[PDB]
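Examining the three-dimensional arrangement
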Amino acid sequence: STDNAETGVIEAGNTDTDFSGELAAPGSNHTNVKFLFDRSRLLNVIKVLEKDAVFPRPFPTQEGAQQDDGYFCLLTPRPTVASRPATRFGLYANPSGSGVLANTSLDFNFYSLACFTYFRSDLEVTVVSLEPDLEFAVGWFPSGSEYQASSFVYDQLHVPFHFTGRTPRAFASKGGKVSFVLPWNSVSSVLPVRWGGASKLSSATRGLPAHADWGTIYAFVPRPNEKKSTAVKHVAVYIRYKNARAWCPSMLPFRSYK
Amino acid sequence: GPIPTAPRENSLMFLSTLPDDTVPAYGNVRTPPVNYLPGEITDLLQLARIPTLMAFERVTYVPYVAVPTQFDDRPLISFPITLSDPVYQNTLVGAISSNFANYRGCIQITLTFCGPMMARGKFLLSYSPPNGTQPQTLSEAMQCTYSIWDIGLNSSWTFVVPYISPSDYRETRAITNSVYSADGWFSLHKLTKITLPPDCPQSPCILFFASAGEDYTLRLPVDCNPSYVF
Amino acid sequence: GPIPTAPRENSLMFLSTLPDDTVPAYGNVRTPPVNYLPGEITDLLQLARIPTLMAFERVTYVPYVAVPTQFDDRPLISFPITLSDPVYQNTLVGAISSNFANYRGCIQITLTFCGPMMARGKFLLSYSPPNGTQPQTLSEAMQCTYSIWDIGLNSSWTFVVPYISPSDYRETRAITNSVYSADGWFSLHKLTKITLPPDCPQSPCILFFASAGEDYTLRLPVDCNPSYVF
Amino acid sequence: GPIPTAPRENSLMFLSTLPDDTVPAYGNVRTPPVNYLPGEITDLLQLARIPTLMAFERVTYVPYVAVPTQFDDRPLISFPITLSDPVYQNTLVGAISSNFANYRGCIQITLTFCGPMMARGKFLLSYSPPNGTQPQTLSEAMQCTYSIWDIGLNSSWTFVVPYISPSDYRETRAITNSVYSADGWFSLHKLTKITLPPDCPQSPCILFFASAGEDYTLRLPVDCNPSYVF
Amino acid sequence: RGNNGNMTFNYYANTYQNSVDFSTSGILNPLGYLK
Amino acid sequence: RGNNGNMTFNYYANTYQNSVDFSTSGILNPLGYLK
């Protein structure tokens, strides 16, 4: 049928427009945005704390600084590095040489279906053990805060402060699982899938949002400082968006042609 | 008194896709209003129904095709109808479809002529259901479903691929060429040579767009391929 | 017959913030009445809305500021607007706010002149939204939001810092000077020098108070810092 | 507050035959309509009530029996009434019955004469309830339940084995010849010799069919025997 | 109907418990007829 | 609505199960118009 594509708006047609025929029945509605995104998926894998921690310093950190790495996980589909927001995803193709290796993460499915510009939704978290018959706990604090770092002495046994606080802490039995849901607590109204502004008024890095996440999570062993074991331990984190919404179209990744 | 009950064999299991909620932890939160943002998307079909540019090989890829001047009986260009085929790879229809397993409805194709206003010509578009061998001449093409499009004032012309299938729903990827994945070919034929006045550039170019139809539908989500990050 | 049921993946978990109760052990107790105690507090905002004294450095801290006699164009005193700043540290507004994460509404400042009844003068108060560099002269100060306050019979004068923010709610601590934590500066300018009759003490003093506004609000509790015990 | 309950001794058990459902995982799926397929089966009795061919030994198996020309007083053919007997093995009634444990109702037998149209004769069919020894002569056969069938225009003749049992329901397999498994014998007697005109083939053949009755019924499913695969 | 004992309560919705066919726009009867 | 199968019973209150926006004082419609 004759038409002009330069106008931008083109009306969708059917088989009957130019030939003899008829339209098909609806079928099913599995493409609904709310129904599509309510499925759990892996996000990151982190270690388990066995003592009081030292939060990593900002990125301009030079050598020789003492801190703990790979113990904290951010809750956000965007790329991150060293437990802090980033802009470019990383990958170590040559595990050799000096220097500490930076943790990295990303939400492959979310960015494979990230066809829009802005997003908002609640979020449900779950954790799972990767070691046989392990006892652990999980802690959390909201966006725009920091982790207290010190300990107290009870009966000559040091006890880290992160045991107590008015922000959720949860315990699981031998081989159990931890589950709960969180609200949308960032100051911004919506989470930007892609951004092009600056946060600070000067010396800022363009395109790096400040508070595009839900919070922060970590795991620890409920024992005093006197029982620091000899082997490292790991856990896995699962997230699941709930009651999602989208606001403005965009484009999808570039599938390279061999 | 206590209510006596017996848990089933399925207890303490963690199922990712389970259709139910869980226990809250930090409720009673109130959030800013979002009335000010326009253009809320309710279904991804709204985006699947927007035309986009396809790709071809210039031997190293371009969206358009250059009309030659030589005379031959082979089709000017022909590609299969299979959403996993490279030509549809980067278009929205294909990109979204690769995340599901089945589809219905009618696909839509659009063209636009971007040559000098002084040119004149005609083209033939045909769609051939599956056969032992694909069409290779105008005489064969005429018999299948086809239409004639002539250059005039208006620049674009839309074509609809009917949904003719032996079964409801069809696979969106072709591990093997069963009748449920591949559905024939599409080919374009130059009916008459182009006429141009003296002192004009030769070899005009033609452009392609691909989009979903009115009655298009998807179903049965599936996990996605992360190879793009490399 | 037993009701068949299947417990979820989240069982035997201990969650501190869970919104529900537990099983009693020693119920049926009755307690004395408490009708005789007046002044029940229902919300901590009732206490957040009471003015209190700020602090400054005399170089080793005092709540007031001494008006000099020299002449210069710099502001008499200027401090940032950030609830984590030391000046607000001991005031109730800051002390309570340090236990939460977000806030809204308008902050309020109050002054009182405690000099001899025979003195006369005028002062200029200004509030500068964020910029590359903070104001440093009266000409610049006049342009921002400001007001003129003159010594008279009444002793005190109140000032309101409007809530002008790029987003609803703002952070209550400044790990880094993003636009969501810092919100400009406040500065005081001596418009005219003070006039005193002969045989009177020089260098009068001025006093500050800080309190929450009418539409102030807090949100999202957080755990507190125990360093005070040391 | 939490509802207090105490699970029973039977918890976490997996029971294959339990009459209840389980938790879904991938719901919300919609399937194609199936209105176009005719002949839906609702109960397997519909198939159990269709006649089929039995088998015998020609000494190496055929469904028919050849009428000899010699004269003797023994029954032409006699087989027991026990669904596990080889003769019923391949017929539908027996094949389906082997998957259950009990049965009721009346069995049905049918015959058809496939000889030359010019022949004439008569046959005697009898059914003998259980006894110490099975019948062996016409005089004995006449006393039991029996009927006379004569060759004529119509070719077939149906016979019904009454359900005469000391108890409701009966076993469908005979581990031992208790009165609840075996139920007598069936035998066929040639009353008169066949008459044929000159120049015609001798020794006509007769054919058998077996099927369930009107009031047939099965009960109590049981697991099946997989030996056929070898 | 079927090998299902419950007759009082259903938790999940029908469209999630079972599959359905999308629309388009007693004694046993015999099989095989003669006329 | 959504990937939620329950349709009969809710235990916790709405303001605790979900987040809400504080007040202030069918077929798919198209995106992009021409006039």
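What counts as what
Residues numbered from 1 in each chain as written, not as in the entry; some residues may be left out. Chains lettered and ligands numbered in written order. Part of a larger assembly, values for the part shown. Heavy atoms only, no water. Residues with missing side-chain atoms left out of burial classes, pairs and counts. Helix = DSSP H or I, 4+ residues; strand = E, 2+ residues; numbered from the N terminus. Rg over C-alpha atoms; globule rule 2.2 N^0.38 Å. Contact = heavy atoms within 4.5 Å. Salt bridge = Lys/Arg side-chain N within 4 Å of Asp/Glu carboxyl O. Buried < 20%, exposed > 50% of the residue type's maximum accessible area, 1.4 Å probe, protein only. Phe/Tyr/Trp six-rings, centres within 6.5 Å; stacked < 30°, edge-to-face > 60°. Pairing = 2+ DSSP bridges. Core = buried A, V, L, I, M, F, W, Y, C linked by side-chain atoms within 4.5 Å. Patch = residues over 30% accessible without salt bridge, like charges linked within 9 Å, V, L, I, M, F, W, Y side chains within 5 Å. Areas by Shrake-Rupley, 256 points an atom, 1.4 Å probe, with all protein chains shown as cover. 1 Å grid on protein atoms, 1.4 Å probe; cavity = no way out; pocket = protein on both sides within 12 Å on 5 of 7 lines; lining within 4 Å. Points joined across faces, edges and corners; volume = space filled by probe spheres on them. Nonpolar A, V, L, I, M, F, W, Y, C, P; charged D, E, K, R; others polar. Axes fitted to C-alpha atoms, helices over the stretch in contact; angles between N-to-C directions.

As summarised from the PDB record, the model derives from cryo-EM at a stated resolution of 3.36 Å.

Right, let's talk about the overall build of chain A for a bit. Each helix and strand in chain A was counted, giving 2 helices and 15 strands. Relative to the 2.2 N^0.38 estimate, which gives 18 Å for 258 residues, the radius of gyration of chain A is 23 Å and therefore markedly larger than a compact globule would have. Summarising its shape, the C-alpha atoms of chain A cover approximately 90 × 45 × 40 Å along the three principal directions. Excluding contacts between residues fewer than 6 apart, the proportion of contacts in chain A whose partners are at least 24 apart in sequence is 79%.

Okay, the overall build of chain E next. Regarding its fold elements, chain E presents 1 helix and 1 strand. Counting only C-alpha atoms and orienting by the principal axes, one finds that chain E spans roughly 50 × 35 × 10 Å.

For the coordinates displayed, the defined rule picks out 11 salt bridges over all chains. A salt bridge links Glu50 of chain A to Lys228 of chain A; its shortest N-O distance comes to 2.5 Å. Residue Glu50 of chain A is found in the loop between β2 (41–47) and β3 (73–74), and its partner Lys228 of chain A is found in the loop between β14 (215–220) and β15 (234–246); the two are separated by 178 residues along the sequence. Residue classification places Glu50 of chain A among the buried residues on the basis of a relative accessible area of 14%. In this structure, the salt-bridge partner of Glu9 of chain D is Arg8 of chain D, at a minimum N-O distance of 3.1 Å. For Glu9 of chain D, a relative accessible area of 67% gives the class exposed. Taking relative accessible area as the criterion, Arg8 of chain D reaches 40% and is therefore assigned partly exposed.

All names here are of chain A. Under the defined criterion, the tally for this structure stands at 48 aromatic pairs over all chains. Consider the rings of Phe116 and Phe119, whose centres lie 5.9 Å apart with planes at 15 degrees: the pair is stacked. Judged by centre distance (5.4 Å) and plane angle (75 degrees), the ring pair of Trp184 and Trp214 falls under edge-to-face. Placement of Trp184 in the loop between β12 (178–182) and β13 (191–192) and of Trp214 in the loop between β13 and β14 is noted, with a sequence separation of 30 residues between them. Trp184 sits in the buried class, given a relative accessible area of 2%. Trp214 gets classed as buried once you look at its relative accessible area, which sits at 1%. Feature note: the residues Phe37, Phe110, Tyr111, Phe116, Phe119, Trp184, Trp214 and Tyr241 constitute an aromatic cluster, connected by ring pairs.

This part takes up the interface of chain D and chain E. Facing the 19 residues of chain D at the interface are 16 residues of chain E. At the level of elements, β2 (30–31) and α1 (45–48) of chain D are the ones that each hand at least two residues to the side of chain D that touches chain E. The sheet contact formed by β2 of chain D and strand β1 (residues 20–21) of chain E spans 2 bridges and is parallel. Directly across from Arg30 of chain D, in β1 of chain E, lies its bridge partner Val20 of chain E.

Let us look at the nonpolar core. Counting 58 residues, the largest nonpolar core has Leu75, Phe116, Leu123, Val125 and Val178 of chain A as its most contacted members. Ranked by residue count, the leading element in this core is β15 of chain A, at 6 residues. Apart from residues lying up to four places away in sequence, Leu123 of chain A is in contact with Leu75, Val181, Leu182, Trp214, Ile239, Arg240 and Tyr241 of chain A. By size, the runner-up hydrophobic cluster in this structure holds 24 residues, among which are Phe56, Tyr88, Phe186 and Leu188 of chain B.

Bringing a nonpolar patch on the surface into the picture now. Residues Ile41, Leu44, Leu47, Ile50 and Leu92 of chain C make up a contiguous nonpolar surface patch of about 410 Å² in total accessible area. Relative to the helices and strands, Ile50 of chain C is located in the loop between α1 (45–48) and β3 (52–53).

Another aspect to go through is the layout of surface pockets. In this structure, the second largest pocket encloses a volume near 1,100 Å³. Every residue lining the second largest pocket is counted, 34 residues in all, and those nearest its centre are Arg84, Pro85 and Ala210 of chain A together with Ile175 and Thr176 of chain C. Elements with a contribution of two residues or more to the lining of the second largest pocket: β5 (84–85), β8 (137–142) and β14 of chain A. Among the residues forming the lining of the second largest pocket, the class breakdown is 15 nonpolar, 13 polar and 6 charged.

On to the sheet that holds strand β11 (residues 145–150) of chain C. Residue and element names in this part refer to chain C. Across the sheet, which stays open at both edges, the 4 strands sit in the order β7-β14-β10-β11 with antiparallel pairing between neighbours. The open sheet has two free edges, formed respectively by β7 (77–80) and β11, since each of these has just one partner strand. Between one strand axis and the next, the sheet turns by 15 degrees as a mean value, whatever way the strands run. With 4 bridges connecting them, β7 and strand β14 (residues 185–190) associate as antiparallel partners. By the bridge assignment for β14, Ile77 is matched with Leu188.

Examined against the element boundaries, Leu28 of chain F turns out to sit in the segment after β1 (20–21). With a relative accessible area of 24%, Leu28 of chain F lands in the partly exposed category. In this structure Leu28 of chain F touches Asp43, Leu45, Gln46 and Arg49 of chain B, once residues within four positions along its chain are discounted.

On to the environment of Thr87 of chain A. Residues and elements named next belong to chain A. Mapped onto the fold, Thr87 is located in the loop between β5 and β6 (104–105). Residue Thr87 is classed as partly exposed on the basis of its relative accessible area of 45%. In this structure, the C-alpha to C-alpha distance between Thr87 and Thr205, residues 118 residues apart in sequence, is 9.7 Å. Residues contacting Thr87, with those up to four places away along its chain left out, are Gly207 and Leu208.

Within the fold, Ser19 of chain F resides in the loop between α1 (14–17) and β1. Under the relative-accessibility criterion, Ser19 of chain F is labelled buried at 18%.

As a further point, take the interface of chain A and chain B. Contact with chain A, which involves 65 residues of that partner, is made by 68 residues of chain B. For the side of chain A that touches chain B, the secondary structure elements donating two or more residues are β1 (2–3), α1 (33–36), α2 (108–112), β7 (118–129), β12 and β15 of chain A. Across the side of chain A that touches chain B, the residue classes tally to 34 nonpolar, 19 polar and 12 charged. As judged from the 2 bridges shared by β1 of chain A and strand β12 (residues 156–161) of chain B, these two strands associate in the antiparallel manner.

Bringing the sheet that holds strand β8 (residues 102–104) of chain D into the picture now. The pairing of strands in a sheet comes from backbone hydrogen bonds and takes either a parallel or an antiparallel form. All names here are of chain D. Strand order in the open sheet formed by 3 strands is β13-β8-β16, and the pairing between neighbours is antiparallel. Edge strands, defined here as strands with exactly one partner in the open sheet, are β13 (170–171) and β16 (217–219). Where β8 meets β13, 2 bridges bridge the pair, whose relative direction is antiparallel. Each bridged residue has a counterpart across the sheet, and for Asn102 the counterpart in β13 is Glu171.

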